[PDB]
Each structure stands twice: as C-alpha cells, then as structure tokens.
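Peer 1: A single structure is presented below for examination.
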Amino acid sequence: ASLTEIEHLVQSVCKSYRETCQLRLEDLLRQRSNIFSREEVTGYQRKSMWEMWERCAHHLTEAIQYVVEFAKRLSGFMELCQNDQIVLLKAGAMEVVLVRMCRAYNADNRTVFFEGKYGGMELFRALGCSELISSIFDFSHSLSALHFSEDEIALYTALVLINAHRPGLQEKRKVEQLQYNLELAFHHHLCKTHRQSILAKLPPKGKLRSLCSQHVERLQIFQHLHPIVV
Ligand SMILES: CCS(=O)(=O)c1ccc(CC(=O)Nc2ccc(C(C)(C)C(=O)Nc3ccccc3)cc2)cc1
C-alpha cells in the first residue's frame with residue numbers, strides 16, 4: 001500500500017462519512033442555544049418509561065440506518081461475505097452511533113440534542129437507568145473535550161466498525177487486512193494534521209462495547225427484535 005493508496009483511502013472514508021453523517025455539524029452547533037424549557041423537560045420526565053424507551057429506540061435505529069449506509073460505502077466492506085457484514089454491523093453500528101453522537105453533545109451546559117432541542121441527562125429520568133445515562137454523558141463529556149474533527153470521526157468510526165476481533169467472523173483474515181489499511185490511513189492523516197496526540201487519549205475499545213452492552217441490558221426488557229434493513 002503506497003502513499004497514494006493510503007491517502008486515497010483517507011479521502012474516500014471521509015467522503016462516505018460526510019454523505020452519511022445524518023445531521024451537519026454546522027446545524028448541531030448553531031442549535032446549541034435552542035434548549036428545552038423547564039416545562040418541556042417535565043413533559044419528558046412524565047412520559048411513561050414505555051414511551052421514552054420507544055422514542056429513544058426509534059432515534060437510535062434511525063442513527064444506525066445512517067451507519068449502515070456509511071458501511072455500505074466503505075470500499076472493502078461490500079467485498080466481505082454477507083455473514084461478516086451482518087456480524088460487524090450487529091456488533092459495531094451502535095458503537096459508531098455513540099461516537100458520532102458526541103457531536104451532538106455540548107460540554108458547556110452538559111446537554112445533548114434530542115428531538116429538536118438540547119437537554120440535560122434529566123430528560124431521560126423516566127427510563128429509570130440513571131447510572132447508564134450518566135456513563136453515556138461522562139463518556140461524551142470526555143470525548144467532547146478533545147474536539148474530534150469530522151474527518152477524525154470518519155476515520156475512527158471506520159475502525160470502530162472494521163474490527164477483526166468480532167466473534168462469529170468467517171473471513172477474519174480479510175477483515176484484518178482491511179482494519180490494517182484503515183489504521184494506516186487514520187495514523188497517516190493524524191500525522192499530516194499534527195493530531196497524533198489524540199491516540200493516547202482515545203477511549204479503550206472495550207469501553208464502547210460495555211456502554212453499548214450495558215445499554216442493551218437495561219433496554220432488553222422493553223425492546224428486542226428490531227427490524228433494520230441492509
Ligand atoms: C449520531 C449522528 S448525529 O448526526 O450526530 C445525531 C443525530 C440525531 C440526534 C438526535 C438523537 O437521536 N439524540 C439522542 C438519542 C438518544 C439519546 C440517549 C437516549 C441518551 C441514548 O440512548 N444514547 C445512546 C447513544 C449511543 C449508544 C447508546 C446510547 C440521547 C440523544 C443526535 C445526534
């Protein structure tokens with residue numbers, strides 16, 4: 001893999017992320033002053049846990065759909081067998097969402113974009129799972145503070161997804177080769193942008209898995225068997 005191949009692969013992954021990022025970064029940041037009022041917050045707190053889990057699942061499933069599309073545009077991804085595609089997506093899509101969603105987090109007032117406005121962790125009271133939400137907010141606070149560029153998000157989320165250690169993979173060696181090229185690209189690009197300092201600051205990969213797994217443990221009771229097309 002020449003300089004040209006790596007630098008192509010960078011530009012390419014950043015293309016596919018931009019065409020699938022769901023909400024423009026620009027819009028997210030401008031909407032930061034649009035904050036839920038105390039009345040609006042109380043409205044969400046009073047909702048049943050069934051309705052809140054349903055709404056949140058719906059928004060997560062939409063976010064996953066845009067991640068499927070991102071994966072469908074990674075060159076390498078389609079070359080894999082139907083089984084591994086599904087395996088990487090089942091395991092990975094939600095972890096990508098978690099990373100992506102840090103774009104919708106405002107560290108100044110500890111709020112997240114949700115149904116057209118910004119609100120704090122208190123919006124989600126009715127869900128019951130306060131430890132989890134706090135962990136998600138702490139994680140996002142942490143990721144927020146190192147100012148991931150959009151291309152950094154693209155390169156990083158591509159590696160979140162293209163992970164050769166996922167159990168169930170039938171063509172593991174192929175995923176490794178692809179994981180390896182995405183690593184060269186990420187590192188290459190960090191080098192050119194003088195951003196190599198973020199590497200030691202990234203979360204451990206087991207952290208994404210655990211937050212997303214903890215999530216699904218407290219969601220299992222309300223939602224399972226989600227249709228999600230490829
Ligand atoms: C993700 C792409 S994006 O364009 O940046 C974006 C699109 C749409 C939205 C609006 C939007 O769905 N907000 C939203 C949705 C859910 C949650 C909660 C309920 C806390 C949640 O469960 N978060 C979570 C995320 C990943 C993994 C596990 C849990 C909080 C906020 C926000 C950001």
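Ligands are numbered from 1 in the order shown, residues from 1 within each chain, and chains are lettered A, B, ... in the order they appear in the structure tokens.
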Using only C-alpha atoms, which residues sit within 7 Å of residue A:97 once same-chain residues fewer than 3 positions away are excluded, as a ChimeraX atom specification?
Peer 2: /A:63-64,93-94,100-101
Peer 1: Grab me every residue within 8 Å of ligand 1, counting only C-alpha atoms and all ligand atoms, and send it over as number ranges by chain.
Peer 2: A: 21-25, 28, 53, 56-57, 59-60, 62-63, 66, 94-104, 112-116, 121, 124, 133, 136-137, 211-212, 215
Peer 1: Could you please determine the separation between atom CA of residue A:122 and atom CA of residue A:38 in Å, to one decimal place?
Peer 2: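 Atom CA of residue A:38 lies at a distance of 10.5 Å from atom CA of residue A:122.
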Peer 1: Looking at only C-alpha atoms, which of A:78, A:221, A:127, A:86 is the one that sits closest to residue A:48?
Peer 2: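 That would be A:127, the residue with the smallest distance to residue A:48.
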Peer 1: Taking into account only C-alpha atoms, which residue in the set A:34, A:45, A:2, A:177 is nearest to residue A:77?
Peer 2: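 With only C-alpha atoms as the atom set, the closest residue is A:177.
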Peer 1: Out of stretch 60-203 of chain A, which residues get strand (DSSP E or B) from DSSP, as a PyMOL selection string?
Peer 2: chain A and resi 105-106+111-114+117-119
Peer 1: Quick one: residues within 7 Å of residue A:88, only C-alpha atoms, excluding same-chain residues fewer than 2 positions away - as a list in words?
Peer 2: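 Selected residues are residues 84, 85, 86, 90, 91, 92, 161, 162 and 166 of chain A.
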Peer 1: Please run DSSP on the backbone and report, as a PyMOL selection string, all residues within stretch 13-222 of chain A that come out as helix (DSSP H, G or I).
Peer 2: chain A and resi 13-18+25-33+38-46+49-72+82-104+121-127+130-144+150-161+172-192+196-198+205-219
Peer 1: Which of these residues is nearest to residue A:33, using only C-alpha atoms: A:117, A:79, A:7, A:87?
Peer 2: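 Answer, going by the shortest atom-to-atom distance: A:117.
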Peer 1: Have a look at A:109, A:128, A:20, A:158 and name the one nearest to residue A:52; count only C-alpha atoms.
Peer 2: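 For residue A:52, the nearest of the given residues is A:128.
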Peer 1: Need to verify the contact set: residue A:9, 10 Å, only C-alpha atoms, exclusion of same-chain residues closer than 2 positions in sequence. Can you return it as a PyMOL selection string?
Peer 2: chain A and resi 3-7+11-15+74-75+155+181-182+184-186
Peer 1: Write out as a list in words which residues come within 10 Å of residue A:148 when counting only C-alpha atoms, dropping same-chain ones fewer than 2 positions away.
Peer 2: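 Counting only the stated atoms, we get residues 99, 100, 102, 103, 143, 144, 145, 146, 150, 151, 152, 153, 154, 156, 195 and 198 of chain A.
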Peer 1: Under the rule that only C-alpha atoms are counted, which of A:171, A:19, A:183, A:176 is the nearest residue to residue A:67?
Peer 2: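 Between A:171, A:19, A:183, A:176, the residue approaching residue A:67 most closely is A:19.
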Peer 1: Within 8 Å of residue A:228, counting only C-alpha atoms, which residues show up once you throw out same-chain ones fewer than 2 positions away? Write them as JSON, numbers by chain, please.
Peer 2: {"A": [61, 65, 226, 230]}
Peer 1: Between A:110, A:54, A:83, A:173, which is the closest to residue A:220 once you count only C-alpha atoms?
Peer 2: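 Once distances to residue A:220 are computed over only C-alpha atoms, the minimum belongs to A:54.
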